[PDB]
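Right, one structure below, let's go through it.
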Amino acid sequence: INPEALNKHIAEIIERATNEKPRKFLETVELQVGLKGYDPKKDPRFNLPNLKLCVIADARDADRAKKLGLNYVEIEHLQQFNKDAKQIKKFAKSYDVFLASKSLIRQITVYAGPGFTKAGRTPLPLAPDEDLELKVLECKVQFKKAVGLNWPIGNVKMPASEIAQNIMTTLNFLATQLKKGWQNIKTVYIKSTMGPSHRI
Amino acid sequence: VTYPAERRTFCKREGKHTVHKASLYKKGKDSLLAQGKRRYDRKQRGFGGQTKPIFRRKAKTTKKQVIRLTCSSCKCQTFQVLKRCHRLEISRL
Amino acid sequence: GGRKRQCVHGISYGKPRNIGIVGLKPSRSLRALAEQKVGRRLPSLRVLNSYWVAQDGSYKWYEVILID
Amino acid sequence: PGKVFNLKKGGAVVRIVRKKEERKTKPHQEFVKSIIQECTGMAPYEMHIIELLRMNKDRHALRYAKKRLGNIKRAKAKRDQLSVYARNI
RNA sequence: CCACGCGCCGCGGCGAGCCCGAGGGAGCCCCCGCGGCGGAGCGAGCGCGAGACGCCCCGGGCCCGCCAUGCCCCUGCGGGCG
RNA sequence: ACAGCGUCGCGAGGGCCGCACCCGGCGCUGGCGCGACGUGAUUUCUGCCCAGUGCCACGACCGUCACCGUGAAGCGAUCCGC
RNA sequence: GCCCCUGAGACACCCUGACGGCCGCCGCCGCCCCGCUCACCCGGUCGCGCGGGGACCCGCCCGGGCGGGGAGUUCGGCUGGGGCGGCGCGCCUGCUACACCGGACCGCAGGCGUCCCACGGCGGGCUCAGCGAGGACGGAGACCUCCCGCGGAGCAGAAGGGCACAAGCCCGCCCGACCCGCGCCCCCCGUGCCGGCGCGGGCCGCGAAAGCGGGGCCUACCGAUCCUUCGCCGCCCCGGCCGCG
RNA sequence: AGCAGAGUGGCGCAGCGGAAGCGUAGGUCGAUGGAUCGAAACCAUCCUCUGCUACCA
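Residue numbers (the UniProt record's numbering), protein chains in the order written: chain V, 4 to 52, 62 to 151, 156 to 216; chain W, 2 to 94; chain U, 69 to 136; chain G, 2 to 90.
Printed below as a string of structure tokens:
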């Protein structure tokens, strides 16, 4: 499982990938974790812990978001969302990352609570005192019913060695959320957004 | 008979009354590597036919049901034996 | 092979623990029985020891040293 | 417990001396085995352990030897003797 | 009836001791002669381990082990004191 | 018991018996034979029922139903599948 | 192609997962067939000028069936003989039972092997069944009213006790229908067991508190040794030590 | 005990996640929970029922 060969392949892919790459290391790293010994009726499903984002908040939290330039919105659009079920979905699909306000969380429980829960994307409440940027930095392990497991290693431009550490941290966690652990994984590949798969 | 999903009962490890989840106790599969099973398989090894009594005169229609109360905080496991009963259910959470 | 008891009609009457004819195994080895077979054939000679020289599916062969 | 408890055990000086080096295999015996190995080759089971060893199936080889010989020390030591032949190849 | 094992009683010798064991000794009933049993108990075991009275008898009290529990502290799931 | 009458199995590498084994009987036999059974000379006949329980299929092999063999897992006893 | 489009799943781009299907491949693993003769096994012959099979059978070792053809044994008790039946064969209430206690009966009228996380615990409030007399539909009958209501109601099921600002009913919380260590009563040898009861020490519940609570008002509702299975904390595996057992 | 397979209109019986029908108006698809965009169906739990097998509780 030597990190360097794959990391060097990503470094070679910096010239090779090209692509639009918005806020990307020439690509967004992806991992296809093959799984052996996986049954749908058997339950090893564990939901446990740059893409566009949205923050809907009140005073100060929106103002810090304005200086950052991160999306800053208000609860007023929630009556218009209620009018259009598609509009609630449109808001959710566009912004991969969702953030709200702790002060306005009563509005987020009832006014936004049904459509965003049905969509499966939940805004993360940010109170004015709390810093949204550090919460954004915090922004996955899931098994579901699919043997193939896919997760973006890092949309970041951060060095391939830092990116490799992110792959390693999740593989060991997967070994923990797996019955036979590392034995259960079969073949894993690292590829660029349009790049070729390279087995780990 | 219906038993509740959780009963607050004493957990020895904590030493205090704590909330205990409930679950029916079932006898586990018999181990071949047991004092008696090793002796029985040796006694029944060879000619001579059955060497141990086989009970065939059942009379009880009901068993006594043991509820495994497992404390969430201490992982203490306590067992409550209910009176003999034909049907038992554990309420869902 | 294994010892078959010499019970007529293949029936041993008695406590059921002493039942069983075809499943018994010889007390002495086929090396010891070979030594005892030649000793009857050659009563005058003195048996020293025996060695295994061949084995098939149905028979086993042992060669015995006998001293005059 | 299988030993009497005496803290000051050691009242008499002890001449424990096995005075023995591990039994040497002996050069002549190794030479006679070499002559026989050329004449007899290897047993069918040993060839099968070698094939399992040539492919990387070492646990299968140990299990097959433990069934053939019946003792782990002699199963492991047979696997490590026959592996030299496959490793030389 | 006899042998053997167990329980109890009486009697003889000796006494925290006691004892014709097998045997050996020119030696027969004489002399010499180990285990063992008792003298410490209790606990599955790890192990730990008795004093405070008392003509006797009984009852109480206390001490030992096992089982908890509270403190204190050394050489520390160790020791002590309840 | 019988003559008579049916049923049943069997082409010899076989059937049915003997028999601790080694191996024998029918059999110096062969289907107009040998073995297993019912009913019991004629004369006149023997209806219906394959549910049950036997028996039968080179009738299938569905589900169960063994060693072995095999495939994972394990430090190995083992343990699961196939 | 997107931002569209609105769908469970967004179809520019790139990589993999499952599910089939189709080659191929492999010093892989099962399975099945066909030879051959050289073990093996038969027939023929006076071995006088020959065959039939055959890696199969057989034999042996494990394994699974079929198997009164046999063996070895068992086939309760109570009881106006025994059988037939029933069960004073375990347990409980009122009797017969003769006013302490104890008394037999294939004597009598009956039950029990369950049911209930509420049909439990506790606190508060309340009165029950019913008479009488009244109130559109509404009458024998529901519903709402006052009165007077020793319980004539209810309290899971037999029977007898018990119970009224309750032991009934309703409501609100709760789980004591806990943990640890003992003693007592009933039966009684005065042994076990079921069942109760009284406590010492924890931890809880309800209530303002005092209190009360180790189920369901009391008397019935159940079970040795060994074996197994499980939980709690430790000890042992005996020349050690470590993991498993 | 284990391993399978069944339980569906009045009656019987198909329907392989996407009409609940057919044969002879007519649906707790034996129920319950999960799972899914939606299961009679998948997955558990049980009440059963059937076949085969197992035995110191």
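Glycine included, each C-beta is placed from N, C-alpha and C at the ideal position.
task = Taking only beta carbons into account, state which residues of the region 33-60 of chain W come closer than 7 Å to chain U, listed in chain order.
result = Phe48, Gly49, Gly50
ask   = Of the choices V:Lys114, V:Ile206, V:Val85, V:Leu190, whose alpha-carbon is the least far from that of V:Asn200?
value = V:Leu190
Whole-angstrom C-beta distance between U:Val121 and U:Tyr130, which should lie under 8 Å = 7 Å
query = Residues of chain W with a CB under 7 Å from the CB of U:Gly70: which are they?
reply = By Cβ distance, chain W contributes nothing, its closest Cβ being about 13 Å from U:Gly70, past 7 Å.
ask   = In whole angstroms, what is the alpha-carbon distance linking U:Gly107 and G:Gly11?
value = 59 Å
request  = Return yes when the Cβ of W:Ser92 is within less than 7 Å of the Cβ of W:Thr19, no when it is not.
outcome  = no
message = Just checking: is the beta-carbon of U:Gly88 within a distance shorter than 7 Å of some beta-carbon in chain W?
response = yes
Range covered by the alpha helix (DSSP H) that runs through G:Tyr65 = 59-70
Span separating the alpha-carbon of W:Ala23 from that of W:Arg8 = 7 Å
inquiry  = Would you say U:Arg85 lies against chain W (beta-carbon separation less than 7 Å)?
reply    = yes
ask   = Which bits of chain W does U:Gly91 rub up against, with CB to CB less than 9 Å?
value = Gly47, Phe48
task = Could you have a look at V:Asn22 and say whether DSSP puts it in helix, strand or coil?
result = coil
query = Between U:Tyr119, U:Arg71, U:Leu134, U:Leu92, which lies nearest to U:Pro111 when the distance is taken from Cα to Cα?
reply = U:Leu134
task = Take the Cβ of V:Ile179 as the centre, count every other Cβ of all protein chains shown within 10 Å, and call the residue buried at 16 or more, exposed below.
result = buried
message = Here's the rule: buried if 16 or more other CB atoms are within 10 angstroms of the residue's CB, otherwise exposed. What is G:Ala62?
response = buried
key: Close Cβ partners of W:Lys64 (< 8 Å) along its chain, the five nearest in sequence each way excluded   = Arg85
ask   = What separation, rounded to the nearest whole angstrom, lies between the Cα atoms of V:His89 and V:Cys151?
value = 25 Å
query = CB V:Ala14 to CB V:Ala176, shorter than 7 Å?
reply = yes
ask   = Going by C-alpha distance, which of V:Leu149, V:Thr121, V:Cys66 is nearest V:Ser106?
value = V:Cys66
task = Kindly indicate which three-state DSSP category V:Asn83 falls into: helix, strand or coil?
result = coil
Continuous beta strand (DSSP E) stretch holding V:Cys66: start and end = 65-68
inquiry  = So, under 8 Å CB-CB, V:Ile100 and V:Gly127 are touching, yes? Tell me the CB distance rounded to an integer number of Å.
reply    = 3 Å
ask   = According to the neighbour-count rule (16 or more other Cβ atoms, all chains shown, within 10 Å of its Cβ), is G:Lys79 buried or exposed?
value = buried
query = Which one or two residues does DSSP pair with W:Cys12 in a beta bridge?
reply = W:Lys17
ask   = With distances taken from CA atoms, which of V:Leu51, V:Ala69, V:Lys156, V:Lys45 is nearest V:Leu144?
value = V:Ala69
Alpha helix (DSSP H) segment containing V:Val148, residue limits = 144-150
key: Residue environment, U:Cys75, which counts as buried when at least 16 other CB atoms sit within 10 Å   = exposed
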